[PDB]
Ligand SMILES: Nc1ncnc2c1ncn2[C@@H]1O[C@H](COP(=O)(O)OP(=O)(O)OP(O)(O)=S)[C@@H](O)[C@H]1O
Ligand SMILES: Nc1ncnc2c1ncn2[C@@H]1O[C@H](COP(=O)(O)OP(=O)(O)OP(O)(O)=S)[C@@H](O)[C@H]1O
Ligand SMILES: Nc1ncnc2c1ncn2[C@@H]1O[C@H](COP(=O)(O)OP(=O)(O)OP(O)(O)=S)[C@@H](O)[C@H]1O
Ligand SMILES: Nc1ncnc2c1ncn2[C@@H]1O[C@H](COP(=O)(O)OP(=O)(O)O)[C@@H](O)[C@H]1O
Ligand SMILES: Nc1ncnc2c1ncn2[C@@H]1O[C@H](COP(=O)(O)OP(=O)(O)O)[C@@H](O)[C@H]1O
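Chains as they are written, first to last, in our numbering: chain A, 2 to 583; chain B, 532 to 1099; chain C, 532 to 1099.
Here is the structure:
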């Protein structure tokens, strides 16, 4: 009949057992039954945020009907998953949709109060038969709803509920709101323990139950895209397919929690991966790798090494971010170099990061540049720069440079940030900063540091510059810092080592060009004499390397003088540096 | 069948072996096997720019099925492909999209899930008038659908990441543009099929030349599509050259011909001094300095996070400073149209910076945008021109330091504006009379050092630290500017010969034209407008009276203080 | 045969001369053979225009096939024009027309590549009404189709390229517009055809005049089809002149009569100032600038690929910029109420672009057009008015740069909108108070320079370089007020003579008006409402009183200050 054409019996499928076991949801199914045994407006609607198991509530109710675990008034009923695409499709003629829907309604009256109706996507039922001068499904179902003589069950997302049903109050009051919350962690672990049998029967592999509880735990903590139980189910399924292809292509036979971590790190790259000996010996050689690019300035290397080790070691403060820092020193001591060193350690690249230089924000209102603009105003549909740049890749490094340049009340934003890792952009959603490192640099007591780094300890220098910082900032803000570090002007040996590093990357780029070039150490001594001052550090070394290398060497390369394969000693002139061809 | 209406079997031709021997992109096929062997959510989607061979990915998967190179759950499948461009274009009224859609769904339910479907342009599925998310999203969750999606990330997040319920089923597979060497590997995998088609041979140096030049010069279509197109059309051209009335191997010469029509790079960089004197007379040392700086930028020794060249320009304005920038843009990248003239005379405030970089959101000039950075974003290979940089607000120099340090600049709207492909020209006139009054017999270098010390007392030292070289722009004499006036007369005669008039000139008339608007204080454009307004206005007055005839010799003979036109 | 039902062979028509003589186009048919000589994407498609001989390119292909002017692999191939409606005309069943289509496709598979087909309007096969385009798409993606398409770039870009398998069987084979000389050669190919039809003769100076004046004065109708139109319409005109109640040679004067029906102002142009000061008194520098423009453009000193006059009328209110526009309409265009009046000052909205331009498919302004380019599509020869430029959007300025670049417009649907013959002058005021103070005691040059600096602060710098000339309107002197007051008295005399009343004035009353309604600081309309009040209000008091008998002279006598009309 017409019920055969447009409806699908879920209860016959659960009678075949071809539906999923549904475990839990007891108050939700009980209130759904309480609404379904009424006199007027029998119709519960499963308002719940997208992917918390709303279809599975009705499927589990169908299974409880088949098992006979319902009250006596529901024993022997039929749940029919109504189809909207079956009804819209065949009707470009006038009245043909209304013909079908009225025939369905007369069949449902004919079934004598035995058919439970399930309508997935109730928001699809709203704009259903919207042809020019045509009733939708609302204008035809709406009689039989509030006489109680239809046993509809809605299932809709809450954002679809606002736009598509709360806009139409008449059909909005015909139903009964059933909030279906995202489950907490422990109950989701229980549900996943229920569903282990299905995936074991599907992929013929086994699952570690610690991997299950780790998938639920890490999914609730780190992934902010989807919602429970959906994200954890997808973790388990994708791990199962990965193990199946590891076996079948070319080891193991189960699904460990390390496989869960590999799935999560493949999905984003938050380094939940366990400390393998390459990674763990890398992490124990933290300061050694930081002094592969940054000579000197030991104490901040120590502090950030400590913070990243406490992050990776499973001792993360789960609400504050990784490290809430503050760098302080005179101009040109490689503060940005240390930040690029962290980026290169973490991501194998300097500019795989976000640097936002706060000298651009010397006015107040650029707060709205990084957090966005409210509803109504100009740049609403774009988001703040900082929030979006986190919202793509949350495991990153957020760098603020020249923090003395901006207005003091930009730093209520970072009060939020360093309190909880939370930030709310102009559209009004939270952005998790629990995988970020915040570094702020200034040159506050640079006169005081250049004056008194000699003949003083590190500690009371930090004390005195902290007093200067309290003269600068707010007591709220500097409480949020994990650790304030102090930089110092470098000796000439540090600048000679930096010149060695610049010669290393120069010879790297000239082997890329294809030239075997060496240097006299006297030329290194002359370059150390040239770009040196205690007041400015190595940016004079930058310009000295720039001029006295990049001008004559590249001038003689383009002069046809430098032949590849020749030994090229960068020896000295009387006042300059000369290359040879030997 | 309704399968004989909108579906395409690729296991058909792959069982026949009559498709592309798809080589490469193994990992994307592997992740497609990862998604398709799940229990649920078995509809992978492919993400990339159009023309990256996603159809070839599906066909190579089909060939691995035919070859038995797949695990034992992918076998017996039938590769199908549904149109998203006829289910709507045929759809007149209510339910012709949905009618065909449910007919496809039931006829695949007859197929009992042994069928893999392809769908391109997943963005088209969302908006068609409701349509298909509400009818495939059950099959997306039922698992009986075995779709293969294909679209681009921008349409994906514009349309499809709106509804997260549609987002949670499809699994993103990034298919980027392949490299030039991956293109080489694919074409070496496909040179056999070409040479068996046209019965010719193919030069593999011409293959790598075609790949490199297609990567460099043309960015309309991309790899591997443009390489296939250029190889096939060049092979067609060689085939016509054979069958016209002689080589079978397609050469890179025909590649360059179809390239430019349908190589002067390296030595043009080497001869850049001659290039700068192709249109500009005088300023020989400045020409040499600019050409050496260009070659050093192309030498590939400097910072890969710093631009082509940092420059500050001084001297008397209007003498060819802008003309140097025009010819520099011409023989640098294209022509006289990749440049932005910017007066720093205006910008003297904080909202000056908010103008030029970009407004914060919620404010006045936001999607009107920054005056500089939007024009950079439109023309990523240009030359940036600045005028009267001493009239700037001091915080603009912080932005300039960000330019010369990082080669990039976050605008007000919040994105990356790269600067490593342009030339920063900043013009000033602070040491004007230091160069003008001391033009006589003083060298280029010590005048440069003297005005360098002067501007060092003027500007910030850290600002001019970043500047590579400040050329002098010495005031050109009467002979150079007279020659420029002669070149303007030449292009004037060119346009009037386009109109079609044999026009001569007296040399005394040439001297009076050179002495109309010569001025060392203002520039060459006073001479230009002087000669222009003297000649042009009585000319057409004589013309449209009915006096001048095309073909008559028009000598610009002198009057006592004017120039008269004769018809002989 | 079933192929003999409703197919039109073209190889026999080229063999038996039943086609038309197709002349030239070697490179296009060469690349056609190139697309024919490929392994993939083997079918070409004539991306073309309304009236550029796409079917004639098909005819020339068939002519070169029969003449042996093709390669050996394509000689003797069957070229049949499949007729669309002829299959439709003998069919009335859903399954008989489709039966015919299936049978012809099976016969095309049966002929085994010998048939090389052609079907124009491939988009029409996509939407004819299983539609026929998606029915032939298996013949696309089964390696059997040798057909050729023909359409506009819009339908190829939207209905074909956006489809997938319909993309990867074709190319962007673009039909070019031919030259004027090629058009004359084709006219020589079919001069004798029209002459033997209409029993007339055609002069070859009339041929070259028809082609050249169609190339210049016509842009919507196109080469070569506009020449077809003009020649055949002139032939019918000469046939009328014979059969009226004599000539047989079609002259170029007949082409001029055709073009005008669908004259001594060149030396009146030397009396420009006379007519301008007849309508717009004073403002001598603007008169000189407009005179220089009209001289140097109709004589053609600059590029004639531009609109003729591109001015920014600047100055305070009440200077008659609108009056000078209407005076130019009177002089050059002889039609005062033929001008395209659209103000800039509605268009700061982002969504104004629909109405102010013309729309791509995706707007509802696509369902009527853009009201500017609609007006140029109606009126391709007039003055377009853009008042108050200071209230615009910057993309509208980019549209202005498109106008100042092309001399035409590739509009919102990519079709013909032409701009060379039209004269677009925008008006503004932005140098208002500078002129209102310092037009006195200053020159015209430095004022122009300073207001140019002001507009440079307003606009883009090279945008206002594209102005024909920055022109200056200014306050006016004493006698100009009296002359224009005499003009307004004349139109008052005309209005009341059409009422039936005849008016004499005292010159004392003229001096009373010139001393009452006077200040140059604002504009003209203080004088206009002074006239209005101090004349009409006692006059409307007297006439609606029923007192004034017609015939008696209405003498504008004076009081000490006021104006009295008497009846003696
Ligand atoms: N209590 C539960 N017991 C067993 N499986 C569950 C339970 N809750 C959710 N699931 C599973 O969670 C997955 C997703 O739930 P679904 O109901 O299918 O998604 P959904 O509720 O339709 O969300 P939307 O609205 O479609 S985005 C399914 O595989 C369900 O089997
Ligand atoms: N690994 C490969 N081996 C062989 N051919 C390839 C390979 N990768 C790409 N191709 C070819 O490259 C061309 C690209 O065409 P498409 O498959 O249509 O590109 P696409 O990624 O599908 O994007 P669009 O939107 O469909 S054009 C096809 O002719 C493929 O056969
Ligand atoms: N210079 C003038 N010569 C003659 N009539 C003028 C002049 N200036 C204004 N008018 C009169 O003013 C009206 C023309 O409209 P207006 O907008 O005033 O033109 P306009 O001179 O351009 O002033 P603006 O700048 O457009 S506000 C008509 O009544 C004209 O007769
Ligand atoms: N310890 C160091 N290691 C490597 N480079 C350094 C070091 N100290 C200074 N430099 C050089 O000096 C510059 C200092 O950079 P940055 O940290 O931005 O200076 P500031 O201290 O003003 O922030 C760098 O560009 C780098 O080239
Ligand atoms: N070389 C030529 N020889 C003869 N006629 C030509 C030639 N080129 C173009 N034509 C004419 O141009 C006309 C336009 O042809 P067609 O492409 O069918 O129109 P449209 O471009 O409007 O579709 C044809 O009638 C044809 O006679």
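Note that the Cβ used here is the ideal one computed from N, Cα and C, for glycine as well.
Residue i CB to nearest heavy atom of ligand 5 below 7 Å
i: residue 721 of chain C; result: yes
i: residue 756 of chain C; result: yes
i: residue 686 of chain C; result: no
heavy atom of ligand 2 below 7 Å from residue i C-beta
i: residue 586 of chain B; result: yes
i: residue 694 of chain C; result: no
i: residue 149 of chain A; result: no
i: residue 763 of chain B; result: no
i: residue 651 of chain B; result: yes
Bridge partner(s) assigned by DSSP for residue i
i: residue 916 of chain C; result: C:872 and C:956
i: residue 892 of chain C; result: C:894
i: residue 327 of chain A; result: A:485
i: residue 702 of chain B; result: B:575
i: residue 118 of chain A; result: A:81
i: residue 988 of chain B; result: Residue 988 of chain B is not bridged to any residue.
i: residue 256 of chain A; result: A:208
Three-state class that DSSP yields for residue i in the structure shown
i: residue 850 of chain B; result: coil
i: residue 1022 of chain B; result: helix
i: residue 673 of chain C; result: coil
i: residue 572 of chain A; result: strand
i: residue 154 of chain A; result: coil
i: residue 792 of chain B; result: coil
i: residue 170 of chain A; result: helix
i: residue 1097 of chain C; result: strand
i: residue 1035 of chain C; result: strand
Near ligand 1: residue i beta-carbon under 7 Å from a heavy atom
i: residue 22 of chain A; result: yes
Completely contained beta strand (DSSP E) runs for the stretch 704-769 of chain C, where each covers 3 or more residues: none
Just to confirm the assignment: which complete beta strand (DSSP E) runs, minimum length 3, are found wholly within the stretch 536-613 of chain C? 538-540, 576-579 and 611-613, all fully within the stretch 536-613 of chain C.
Where are the beta strand (DSSP E) runs, 3 residues long or more, that stay fully inside the stretch 922-967 of chain C, in chain order? 939-941, 947-949 and 954-958
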